[PDB]
There are 2 protein chains.
Amino acid sequence: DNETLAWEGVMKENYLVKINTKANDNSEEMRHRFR
Amino acid sequence: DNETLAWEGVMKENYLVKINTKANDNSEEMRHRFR
């Protein structure tokens, strides 16, 4: 029970990280660096 | 036999070069140069 919920929470954190990385993958930050 | 294999190897080298050039054709290196 608790083990399954903790594992699901870990996978949820991974999924959120994946979404954030996909959003940041635009690769426009380089331009900012240039500025 | 050996002639055909050598010719095939030459064409394979050409094909690999073509793939690498297609990959590098992104033309983003200019930005790096600017940096």
Side-chain angles (χ1 to χ4, degrees), chain A residues 2-21 23, chain B residues 2-21 23:
Chain A
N2 280 342
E3 164 173 335
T4 49
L5 296 191
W7 174 74
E8 181 248 30
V10 172
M11 300 308 309
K12 162 261 296 199
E13 296 289 0
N14 303 12
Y15 155 75
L16 295 175
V17 163
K18 180 180 303 313
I19 275 185
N20 295 342
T21 55
Chain B
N2 280 342
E3 164 173 335
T4 49
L5 296 191
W7 174 74
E8 181 248 30
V10 172
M11 300 308 309
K12 162 261 296 199
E13 296 289 0
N14 303 12
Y15 155 75
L16 295 175
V17 163
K18 180 180 303 313
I19 275 185
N20 295 342
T21 55

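So you know, we letter chains A, B, ... as the sequences are listed, proteins then strands, and number each from 1.
The CD atom of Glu13(B) sits 10.0 Å away from atom CD of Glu8(B), with the distance rounded to the nearest 0.5 Å. The CD1 atom of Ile19(B) sits 12.0 Å away from the CG atom of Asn14(B) when rounded to the nearest 0.5 Å.
At least one side-chain heavy atom of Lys12(A) sits under 4.5 Å from a side-chain heavy atom of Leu16(A).
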